[PDB]
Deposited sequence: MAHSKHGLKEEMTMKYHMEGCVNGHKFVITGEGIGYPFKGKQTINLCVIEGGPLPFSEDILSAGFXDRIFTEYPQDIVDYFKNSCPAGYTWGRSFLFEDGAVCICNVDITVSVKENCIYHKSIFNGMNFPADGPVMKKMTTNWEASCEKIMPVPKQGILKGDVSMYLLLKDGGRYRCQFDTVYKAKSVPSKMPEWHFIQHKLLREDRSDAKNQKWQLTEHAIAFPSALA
């Protein structure tokens, strides 16, 4: 698809969570074919963040998903124009989020740009988010399905955000993946298992952390 085994990517997130506007920029290396990525994020505006940085995580690339040969890779096939995605975040405490990502490709640079807009609200002031009581997301299995006569995908995943107290914090992810160009081939409903971790790196001069994700496409084990 014009993809390298190893890739670099850029991040620019524009957001407002519970009235708090902020600005995050990033950089990363990834293995499209490995379904792995490691990114570095920085709050260049609105920091330090008043909420849990874990809610932004997934709003930062399905391209970085190791697909089987028997399965159509909507995302990679997306090369070279890229694609866009929108996602609803339904937290168990009533908080609501919408995220919009625009994936574009710096072909010769072999760099994938990500431009996102994140909007979240109704995050309880006592919640783990407002109280920054989170730690990491739990491993998951997302259902990916094609939209008949549409050329788009639908991602369905029930997320669990692990808290310091040891508890879980539930969130429903509902995504729509839209390729920038009409897709010749469409995949069949499948699954995407993921592993996303955050490791802070804030100094005291800057709020930063590093993200990391691993994902493999799979079919129903039946």
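- Residues of the deposited sequence with no modelled C-alpha atom fall in the ranges 1-5, 66, 229.
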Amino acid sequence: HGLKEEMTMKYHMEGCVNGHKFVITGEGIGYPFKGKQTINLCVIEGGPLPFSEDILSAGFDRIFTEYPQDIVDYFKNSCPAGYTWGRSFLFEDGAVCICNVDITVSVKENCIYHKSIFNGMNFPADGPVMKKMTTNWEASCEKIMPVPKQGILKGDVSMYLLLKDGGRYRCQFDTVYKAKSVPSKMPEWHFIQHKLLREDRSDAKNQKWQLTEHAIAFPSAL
From here on, numbers count along this sequence of modelled residues.
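- When 182-190 is weighed against 42-50, 182-190 comes out higher, by mean CA B-factor as recorded in the entry.
- When the C-alpha B-factors of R170, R62, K34, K195 are read from the PDB record, the largest value belongs to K34.
- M133 sits in the highest third of its chain by CA B factor, as recorded in the PDB entry.
- Looking at the C-alpha B-factors along this chain, the one for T175 belongs to the lowest third.
- Compared with the other modelled residues of the chain, the Cα B-factor recorded for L3 ranks in the highest third.
- In the PDB entry, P124 places in the middle third of its chain by CA B-factor.
- In this PDB entry, the Cα temperature factor of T104 sits in the bottom third of its chain's modelled residues, the lowest group.
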